[PDB]
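So basically every Cβ, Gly included, is an ideal-geometry build from the backbone, and we count neighbours across all protein chains shown. Read-outs: derived from the displayed coordinates by stated rules, not from any lab.
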Amino acid sequence: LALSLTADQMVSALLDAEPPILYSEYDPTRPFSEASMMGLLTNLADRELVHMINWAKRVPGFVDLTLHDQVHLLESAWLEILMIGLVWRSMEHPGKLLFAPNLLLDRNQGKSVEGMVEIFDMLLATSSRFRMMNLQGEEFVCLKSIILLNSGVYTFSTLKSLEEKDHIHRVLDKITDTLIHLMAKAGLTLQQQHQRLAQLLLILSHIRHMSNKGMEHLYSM
Amino acid sequence: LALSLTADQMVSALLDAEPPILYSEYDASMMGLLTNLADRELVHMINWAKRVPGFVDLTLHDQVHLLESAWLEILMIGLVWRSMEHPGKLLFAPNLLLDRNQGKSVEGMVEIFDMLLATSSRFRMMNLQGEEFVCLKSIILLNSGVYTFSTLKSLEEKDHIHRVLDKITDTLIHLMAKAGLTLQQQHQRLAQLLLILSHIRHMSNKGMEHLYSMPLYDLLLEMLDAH
Ligand SMILES: Oc1ccc([C@@H]2Oc3ccc(O)cc3[C@@H]3CCC[C@@H]32)cc1
Ligand SMILES: Oc1ccc([C@@H]2Oc3ccc(O)cc3[C@@H]3CCC[C@@H]32)cc1
């Protein structure tokens, strides 16, 4: 299956699987009248969640897992995925978070709700780091997919377990390769290739932290 | 400074910097025992941090913010490490080896416990080396609060940290190149190891919510500030 896909096929698939960029729902006319910040953000996240699933299903090696396992991986990584998506489209908007093309917010607008400025600042911080690293879209899609498969993978001791975890680690290893390949093609030396790799995979650690803070908050609202 | 250290010098330093293994004070409260343990370790953690190549070259405020941000992750990867040869148990101390069950003793601890165990297994399953361990522990320190620090001094710092991090990334690969792994095997195990830090982050988060439900920066700074 995915295990036989070539670097260029893996990327290609990943780029194809990309979900559309949704808009924030709201009648522009009248005001901004606090029109519930969470309201707008939550509603946006809900509609994206759907498109996220069809996406997951197209991530090479994902469908080959059991249904219970597909649900546990998504449940475990939906916010991380939503965030890396944000952080990605907010790259060309230093100081702002492009939640939607018609909903670009700034650090300030984040103080509107309690607890949201810290998160906001973290997302911004991350968006900068990606811009500073000149993250490519091919690299992005890879990371997004590594998140899906690596997030809930250590929270799955039956035998069925084993078989599954092996497949996941093989897809992950397959993506790690794809990434290196993307960097080898871009002209980076070997040492440069694994340094950027470590840098990118260490950013996911931050995106994990953000998802955690994002959920405590969600559980507080 | 550290930026000129060779792979073998980096590792060597790291191995030397290793803190001692403390005992649980007792012959009783679970959190009590665990908390008291974590407190005494915290001291030894600082002396350690100070010996991580490139760390002391940062400002005091930055040293305190990195540790404050990664103390629990560090304590945990340490646990997960010594609990490698005790499948099904967490070797908090040599005289305090607990099992999943004893974790149900306190509310909210069994989930944590199961995550720690799950991780401990993954390390055992990967046959993680001690040289690789010390590297990871050090990558945590430097990478944890690095994205929660915009001045100029600020830019100087982040660059140094990303350089030490890159230096360690190298050391790791070197460790794997020496062990016989192919190039592809070298970067795969790298990605696998670095992805486990993401989990160790998640565990530190859960560990703090739990801690929170039952003042450190001033406590760590009182320590880092030596004469
Ligand atoms: O595509 C995306 C990406 C992200 C989001 C919002 O991110 C936040 C950031 C900071 C917050 O205090 C809340 C939120 C919303 C709570 C979960 C996600 C949602 C929507 C849509
Ligand atoms: O070296 C270590 C490493 C780790 C620990 C314990 O980790 C926990 C894990 C899960 C918990 O519900 C509580 C704790 C204790 C509360 C802070 C840390 C302490 C002690 C010593």
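Give, rounded to the nearest 20 debye, the magnitude of the charge dipole that the stretch B:111-198 has about its Cα centre when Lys and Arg contribute +1 at Cβ and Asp and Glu contribute -1 at Cβ.
Value, rounded to 20: 160 debye.
To the nearest 0.05, how large is the calculated FRET efficiency for A:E18 and A:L67 if R₀ is 30 Å and r is the Cβ-Cβ distance?
Step by step, r from the Cβ atoms, then E = 0.80.
How would the protein assembly as shown be classified by its alpha-carbon gyration tensor: rounded, prolate or oblate, with rounded meaning a/c under 1.5 and the a/b versus b/c comparison settling the rest?
Here the protein assembly as shown falls in the rounded category.
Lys/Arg Cβ at +1, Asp/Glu Cβ at -1, dipole of the protein assembly as shown taken about the Cα centre: which of B:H160, B:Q102, A:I180 is farthest positive-ward?
Ranked along the dipole, the leading option is A:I180.
Among A:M221, A:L149, A:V63, which residue has its Cα furthest toward the positive end of the charge dipole of chain A, with +1 on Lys/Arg Cβ and -1 on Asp/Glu Cβ?
Toward the positive end, the furthest listed residue is A:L149.
For the stretch A:1-110, what's the relative contact order in percent, using C-alpha pairs closer than 8 Å and at least 6 residues apart?
Here the relative contact order equals 29 percent.
Residues with beta-carbon under 10 Å from that of B:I74, excluding B:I74: net charge, scoring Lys, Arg +1 and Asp, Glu -1? Walk me through the numbers before you get to the answer.
On the way: positive: B:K137; negative: B:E41, B:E73.
My count for the surroundings of B:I74 gives -1.
Name the shape class, rounded, prolate or oblate, that the alpha-carbon gyration tensor gives for chain B, where a ≥ b ≥ c are the square roots of its eigenvalues, rounded holds for a/c under 1.5, and otherwise prolate holds if a/b is larger than b/c and oblate otherwise. If you can, show how the numbers build up before the last one.
Numbers: a/c = 1.81, a/b = 1.21, b/c = 1.50.
Here chain B falls in the oblate category.
Mind checking the dipole of chain B: about its Cα centre, +1 per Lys or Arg Cβ, -1 per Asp or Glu Cβ, Debye to the nearest 20?
680 debye
At a Cα cut-off below 15 Å, give the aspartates and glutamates reachable from A:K185, other chains included and same-chain residues fewer than 8 away excluded.
The qualifying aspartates and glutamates are A:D8, A:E138, A:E139, A:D177.
Which of rounded, prolate, oblate describes the stretch B:142-208, given a ≥ b ≥ c as roots of the alpha-carbon gyration tensor eigenvalues and a/c under 1.5 marking rounded, otherwise prolate only if a/b is larger than b/c?
The shape class here is oblate.
What is the distance in Å between the Cα centroid of the stretch B:54-78 and that of the stretch A:34-107?
31 Å
Strictly over 28 Å apart at the Cα level, which of A:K213/B:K137; A:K213/B:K178; B:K137/B:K158; A:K174/B:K178 would you flag in this model?
The answer is A:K213/B:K178.
Mind jotting down the three principal axis lengths of the stretch B:1-134 based on Cα atoms? Whole angstrom, largest first.
48, 33, 25
Among residues other than B:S24 whose Cβ falls under 12 Å from its Cβ, what is the net charge (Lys/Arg +1, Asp/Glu -1)?
Taking every other residue near B:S24 into account, the sum is -3.
Give me the net charge for the shell around B:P53: Cβ to Cβ below 14 angstrom, other residues only, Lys and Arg +1, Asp and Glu -1.
-1
Hey, quick one: spin label on A:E92, modelled 7 Å out along Cα-Cβ, who in the stretch A:125-142 has an amide N within reach, i.e. under 18 Å?
Within reach of a label on A:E92: A:127-141.
Placing +1 at every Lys and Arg Cβ and -1 at every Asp and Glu Cβ, with all other atoms neutral, what dipole size does the stretch A:1-52 have around its Cα centre, in debye to the nearest 20? Mind dumping the intermediate values first?
Working: 2 positive and 8 negative charges, 15 e Å.
For the stretch A:1-52, the charge dipole is close to 80 debye.
In nanometres, what is the gap between the two model label sites at A:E118 and B:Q184, each 7 Å from Cα along Cα-to-Cβ?
That separation, rounded to one decimal, is 4.4 nm.
Distance in nm between label sites at B:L60 and A:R170, each 7 Å beyond Cα in the beta-carbon direction?
Result: 5.6 nm between the two label points.
Show me A:145-152, A:180-187 ranked by packing, highest mean number of other Cβ atoms within 10 Å first.
Per-residue Cβ counts within 10 Å, averaged per peptide and sorted highest first, yield A:145-152, A:180-187.
With r defined as the distance between the Cβ atoms of A:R131 and B:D218 and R0 fixed at 35 Å, what FRET efficiency is calculated, to the nearest 0.05?
0.50
Sort out for me the Cα centre separation of the stretch B:1-26 from the stretch B:141-159, rounded to whole Å.
Using only Cα atoms, the two centres lie 23 Å from each other.
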